[PDB]
Each structure stands twice: as structure tokens, then as C-alpha cells.
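Chemist: Below: one structure in C-alpha cells.
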Amino acid sequence: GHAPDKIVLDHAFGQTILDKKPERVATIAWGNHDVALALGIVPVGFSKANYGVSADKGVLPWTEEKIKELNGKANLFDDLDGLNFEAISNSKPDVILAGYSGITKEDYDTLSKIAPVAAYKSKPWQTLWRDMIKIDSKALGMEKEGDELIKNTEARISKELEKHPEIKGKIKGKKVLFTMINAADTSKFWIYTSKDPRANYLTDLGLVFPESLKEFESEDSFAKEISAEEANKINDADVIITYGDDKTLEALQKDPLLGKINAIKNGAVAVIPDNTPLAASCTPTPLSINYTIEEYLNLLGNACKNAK
Ligand SMILES: O=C1CCC(=O)N(O)C/C=C/CCNC(=O)CCC(=O)N(O)CCCCCNC(=O)CCC(=O)N(O)CCCCCN1
Ligand SMILES: [Cl-]
Ligand SMILES: [Fe+3]
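This note's numbering applies: residue 31 is where the sequence shown begins, and numbers increase by one.
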């Protein structure tokens with residue numbers, strides 16, 4: 031029969047060429063294994079999740095669910111402390127997926143000696159969920175199936191919003207900032223920029239970014255650390271999203287500086303329970319979205335009710 035053409039990947043570290051569809055697939059960093067799994071491929075090895083589950087388990091629920099539905103088993107790399115090059119070698123992969131990753135040039139070179147690497151396009155950790163699918167699925171020789179995975183995922187998002195008309199209308203057009211605010215040390219906090227997939231995902235849910243975000247937008251990173259003394263700059267946000275717990279909101283409202291911020295003052299804050307599957311899903315994968323989007327929308331919806 032007719033064999034597939036060769037695959038040319040243009041990424042941040044140059045170019046990667048595959049001559050056939052890889053049968054043995056390794057993935058690293060975050061989420062890339064879910065792209066392979068959503069395409070019906072069980073990886074010969076992938077990185078332990080360093081967020082959302084105990085280190086003992088190391089695998090997120092939607093990821094584990096798909097694996098068992100494929101009658102496969104989870105082969106985890108012991109790489110919570112950093113890339114485990116030997117473990118990757120032992121898996122004998124034909125390709126290494128890293129479309130969403132923070133690997134360095136040094137990392138890429140070592141990995142490429144093991145197997146062809148699908149790296150990110152621009153800067154570390156600056157890959158949006160659609161682009162993550164595009165990169166990873168192309169490297170698997172499943173570019174066409176990848177475009178259909180994107181289509182079906184976009185459809186799942188849209189249908190879920192349609193299931194909750196009140197929430198959809200409530201959050202539509204609301205100005206949002208995804209942040210990391212620690213109620214313990216409120217002297218400074220993080221704001222994730224539009225280059226970050228967990229911020230971009232919010233625009234898929236119907237929300238928009240305030241114009242103040244542009245000031246913090248840059249080529250540097252996916253997140254910007256700003257002082258609490260500059261908190262007035264984000265008064266144009268209707269709703270603020272941050273990781274935290276059941277004591278976070280009240281602590282922020284009682285903060286002398288942060289408590290003056292409109293969204294915080296109004297209670298228009300979506301607190302995502304830190305180190306839970308829900309929290310981990312905020313940087314979306316095709317598997318995570320289907321698993322958590324309804325719970326996510328309920329938090330966002332409740333926060334946007336307090337928005338003026
Ligand atoms: O390796 C990660 C772990 C979980 C993660 O970083 N998160 O942001 C999820 C919520 C984090 C929880 C508690 N962690 C830490 O608070 C520290 C600061 C932190 O993670 N931030 O996002 C703050 C801006 C970052 C510091 C730059 N650090 C890096 O560039 C690493 C990737 C980084 O910190 N990025 O956020 C890119 C993310 C790949 C998403 C998940 N992979
Ligand atoms: Cl509703
Ligand atoms: Fe982070």
C-alpha cells in the first residue's frame with residue numbers, strides 16, 4: 031500500500047523530521063500526553079503530573095480514565111525534579127512530544143539524540159491549547175485527526191456554554207484577569223498574560239481581557255509579577271481568578287491594599303482550589319476540558335454574579 035509522507039516540524043530549536051508515523055510515543059512536560067491519549071494512543075511513557083494530584087499517584091483523573099478505556103497502562107517517568115533522560119531512553123520512543131513545555135536548548139539537544147522532538151514554536155510555556163494539539167498531533171502523523179480534535183473540542187466548549195444559558199450570559203464580555211495571589215504574602219502577585227494558555231482559555235469561555243493587561247503584555251514571559259502598590263492598575267477587571275482555598279477571598283478583602291481592588295472588593299473573585307484536578311485543568315488539554323469545564327463554569331458564573 032501507500033506509505034505516509036515524511037513529517038517536517040518547524041519549532042523554536044529549528045526543525046524536526048519524521049519519516050513515518052511513530053508507534054512508540056513518549057511525552058514530557060504538561061498535557062502533551064493527553065493529546066496523544068485523546069487521539070487514541072497510549073504513550074510508552076510520560077511525565078508525572080507535578081500539580082493537582084499527590085506525587086504518589088502522579089496521574090490526573092481524566093488522563094487515567096482515558097488510559098483504562100484504551101485498555102492500556104500508565105507508564106510514568108520519575109521526573110518531578112526534572113527531565114529523566116535515562117527513563118526516556120528505556121522507553122525506546124520513536125518521537126518525544128513537548129509542544130507544551132519549558133525545555134531549554136540543552137534539553138532539546140539531549141532529547142533529540144534519543145528520538146525526534148516536537149518542541150514549542152516560540153518561548154517556553156507559551157503554547158495555547160489549540161496550538162499544543164496542532165504541534166503534538168502533527169508529530170504523531172495525525173495532523174488531520176488533530177484538526178478534528180480541535181473542532182470537536184471547540185464544539186464541546188460551545189455546547190457546555192449552551193447548557194448553561196444563565197452562566198453563559200453572565201460571564202459573556204466580562205473583563206477577567208487570571209492571577210496568582212497568595213493571601214499570606216500580598217506584597218506582590220502574578221498576572222498571567224495572553225501568551226499563557228490558562229488566560230487564553232478564558233476567552234474561549236466568552237470572557238475578555240481588560241485593556242490594562244496590555245501594559246504587562248510582553249515577549250518575556252507568560253506571567254508578570256506586579257507590586258501591590260500598583261494594584262490600582264487592574265481596577266478595570268470585572269472578575270479576578272486565582273488559586274487558593276476557602277479563606278482566600280476574605281483574607282484579600284481584609285487586605286489594606288488588595289481589598290481596595292474593585293473585583294476583590296465586590297467579591298467577584300473565582301477561587302480555584304489549589305492543587306486539585308480542577309486547578310490543574312485551568313491550562314486546558316482536550317481531555318481536561320471535557321472533564322472539568324462544567325465545574326469551571328460554575329465557579330466563573332458565581333464570581334461574575336458579584337461583578338458590577
Ligand atoms: O510545571 C508546572 C506546575 C504547576 C504550575 O506552574 N502552575 O502555575 C499551576 C499553579 C501553580 C502552583 C504553586 N506553584 C508556584 O506557586 C509558583 C509560581 C508559579 O507556578 N507561577 O505560575 C508563577 C509565575 C512563575 C515562575 C516562572 N516559573 C516557571 O516559569 C515554571 C512554569 C510555570 O510556573 N508555568 O506556570 C507554566 C506551566 C505548565 C503548567 C503546569 N506545569
Ligand atoms: Cl444556567
Ligand atoms: Fe506556574
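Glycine residues also receive a C-beta, built at the ideal position from the N, C-alpha and C atoms.
1) Unbroken beta strand (DSSP E) runs of length 3 or more, entirely within the segment 173–253: which are they?
2) Quick one: what's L48 bridged to in DSSP?
3) Smallest Cα separation from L191: which of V269, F43, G331, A337?
4) To the nearest angstrom, how far is it from the Cα of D177 to the Cα of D49?
5) Could you please go through the chain and list the residues whose beta-carbon is closer than 6 angstroms to any non-hydrogen atom of ligand 2?
6) In this structure, does DSSP put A300 in helix, strand or coil?
7) Give me the residue from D161, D108, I201 with the minimum Cα distance to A128.
8) Do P73 and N101 have their C-beta atoms closer together than 9 angstroms?
9) Under 8 angstroms Cβ to Cβ from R186, same chain only, skipping five residues before and after it: list those, please.
10) What residues in its chain sit with their C-beta under 8 angstroms from that of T306, if we drop five residues either side in the sequence?
11) Tell me whether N80 counts as near ligand 1, meaning its Cβ is closer than 8 angstroms to at least one heavy atom of that ligand.
12) Pull up the distance between the alpha-carbon of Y273 and that of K36, whole angstroms please.
13) Rounded to whole angstroms, what is the Cα-Cα separation between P195 and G203?
14) Please list the segments of the alpha helix (DSSP H) lying wholly inside the segment 47–88, counting only runs of 4 or more residues, in order along the chain.
15) Determine contact between the segment 248–256 and the segment 272–287, defined as no fewer than three beta-carbon pairs at a distance below 8 angstroms.
16) Closest to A229 by C-alpha separation, out of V206, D166, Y326, would be which residue?
17) Enumerate, from N- to C-terminal direction, the unbroken beta strand (DSSP E) stretches of 3 or more residues contained entirely within the segment 253–316.
18) Compute the Euclidean distance between the alpha carbons of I144 and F43, then round it to the nearest angstrom.
19) Suppose you measure from the CA of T233 to the CA of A56; what does that come to, to the nearest Å?
20) Mind listing, in chain order, the continuous beta strand (DSSP E) runs of no fewer than 3 residues lying wholly within the segment 111–180?
21) What residue from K338, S121, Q156, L110 has the CA that sits closest to residue 339's CA?
22) Quick one: what's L106 bridged to in DSSP?
23) Could you say if the segment 111–129 and the segment 88–98 meet the contact criterion of at least three C-beta pairs nearer than 8 angstroms?
24) Is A337 helix, strand or coil when you go by DSSP?
25) Taking Cβ to Cβ, would you say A300 is nearer than 9 angstroms to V269?
Modeler: Taking the coordinates as given:
1) Those beta strand (DSSP E) runs which fall completely within the segment 173–253 and span 3+ residues are 206–210, 218–222.
2) According to DSSP, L48 bridges with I37.
3) Taking only the C-alpha atoms, the option nearest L191 is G331.
4) For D177 and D49, the distance between alpha carbons rounds to 21 angstroms.
5) Counting every residue whose Cβ lies closer than 6 angstroms to a heavy atom of ligand 2, we get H194, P195, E196, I197.
6) Assigned with DSSP and collapsed to three states, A300 falls in strand.
7) Ranking the options by Cα distance to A128, first place goes to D161.
8) When the beta-carbon positions are compared, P73 and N101 stay at least 9 angstroms from each other.
9) The residues are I319, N320, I323.
10) The beta carbon of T306 sits closer than 8 angstroms to those of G82, all from its chain and outside the five residues before and after it, given in chain order.
11) Yes, since a heavy atom of ligand 1 falls inside the 8 angstroms radius drawn around the Cβ of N80.
12) Computed Cα separation, rounded: 43 angstroms.
13) Between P195 and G203, the C-alpha separation is close to 14 angstroms.
14) Those alpha helix (DSSP H) runs which fall completely within the segment 47–88 and span 4+ residues are 62–68.
15) No: fewer than three Cβ pairs fall under 8 angstroms.
16) Looking from the CA of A229, the closest CA among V206, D166, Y326 belongs to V206.
17) Contiguous beta strand (DSSP E) elements confined to the segment 253–316 occur at 253–257, 269–274, 299–303, taking only those with 3 or more residues.
18) Each residue's CA atom was taken as its position, placing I144 and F43 some 16 angstroms apart.
19) Each residue's Cα considered, the two are about 31 angstroms apart.
20) If one requires a minimum length of 3 residues, the beta strand (DSSP E) runs lying completely within the segment 111–180 are 125–127, in chain order.
21) Outside the shown range of the chain, which is 31 to 338, sits residue 339, and nothing can be said about it.
22) Paired residue(s): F76.
23) Result no; under three Cβ-Cβ pairs closer than 8 angstroms.
24) In this structure, DSSP gives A337 a state outside helix and strand, which the three-state scheme calls coil.
25) In this structure, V269 lies closer than 9 angstroms to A300 by Cβ.
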